[PDB]
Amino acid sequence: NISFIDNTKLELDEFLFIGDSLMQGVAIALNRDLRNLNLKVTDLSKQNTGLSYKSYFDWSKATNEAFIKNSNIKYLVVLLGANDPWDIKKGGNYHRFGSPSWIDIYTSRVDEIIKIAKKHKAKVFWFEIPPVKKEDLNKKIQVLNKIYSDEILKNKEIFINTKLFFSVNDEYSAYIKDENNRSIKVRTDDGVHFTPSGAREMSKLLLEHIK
């Protein structure tokens, strides 16, 4: 499940945010940072969504429709997957999480999103999901992150590394050190989401890919 360190920086223009409640939290901080740069933001992030829940809410359809409504969107920001690492049933066909056919389906759903952005001539920033507190869930999200990074690499878009920045001694931590080497609570007590400070740190990681 090993990825790469993405050193890509883009020169900047409207933004579109998609994803789940992780994106909803990051979006509060990232909207403010982009607003400070006179950048327009459309934030569609929506709780209880994910690529595995495509039949309930299809992010590929919603993203395409957003581009059709606003041809000035040139950057897509994606953060999702917290709801996704579970078996998928399609009709009478069953796909166990992490199995080869499951990975095929999930990879296709990731690729759909990137293909739609490319068709509309937009570039993609895709966030790595940072570590979560529950060990079994954390192992599964590392599988998701490998798929995101593989598909972002093949499509030559931008992968935002988050694992190192939200770990202490290569493990989940609710607290990290700030720019002044002081301890700050960046994760909420559910061991998944972000405090305002954590959201700001996630936003900074995207901004470090913009020149």
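Heads up: residue numbers just count along the shown sequence, starting at 1.
A.B. asks: Count, per the entry, the deposited residues between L12 and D13 that are not modelled, and return the matching class: none, 1 to 3, 4 to 9, or 10 or more.
C.D. replies: Just 1 to 3 residues are missing between them.
A.B. asks: Would 20-28 or 189-197 have the larger average of its C-alpha temperature factors, as given in the entry?
C.D. replies: Higher mean C-alpha B-factor in the PDB entry: 189-197.
A.B. asks: If you average the CA temperature factors as listed in the entry, which stretch comes out higher, 117-125 or 136-144?
C.D. replies: If you average the C-alpha B-factors of 136-144 and of 117-125, the larger mean comes out for 117-125.
A.B. asks: In the PDB entry, which of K163, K54, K46, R182 has its C-alpha at the highest B-factor?
C.D. replies: In this record, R182 carries the highest C-alpha B-factor of the candidates.
A.B. asks: Could you check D58, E157, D178, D150 and tell me which one carries the biggest Cα B-factor in the deposited entry?
C.D. replies: Of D58, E157, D178, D150, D178 has the highest C-alpha B-factor.
A.B. asks: Relative to the other modelled residues of the same chain, rank the CA B-factor of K204 and answer lowest, middle or highest third.
C.D. replies: Ranked within chain, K204 CA B lands in the lowest tercile.
A.B. asks: Ordered by C-alpha B-factor within the chain, which third holds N72? Give me lowest, middle or highest, please.
C.D. replies: Top third by C-alpha B-factor.
A.B. asks: Please say which third, lowest, middle or highest, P85 falls into when its CA temperature factor is compared across its chain.
C.D. replies: CA B-factor rank for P85: lowest third.
A.B. asks: Test of reading the entry: by CA B factor among the chain's modelled residues, which third contains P130?
C.D. replies: Ranked within chain, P130 CA B lands in the lowest tercile.
A.B. asks: Lowest, middle or highest third: which one holds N93 when the chain's residues are ordered by CA B-factor from the entry?
C.D. replies: Highest third of the chain for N93's C-alpha B-factor.
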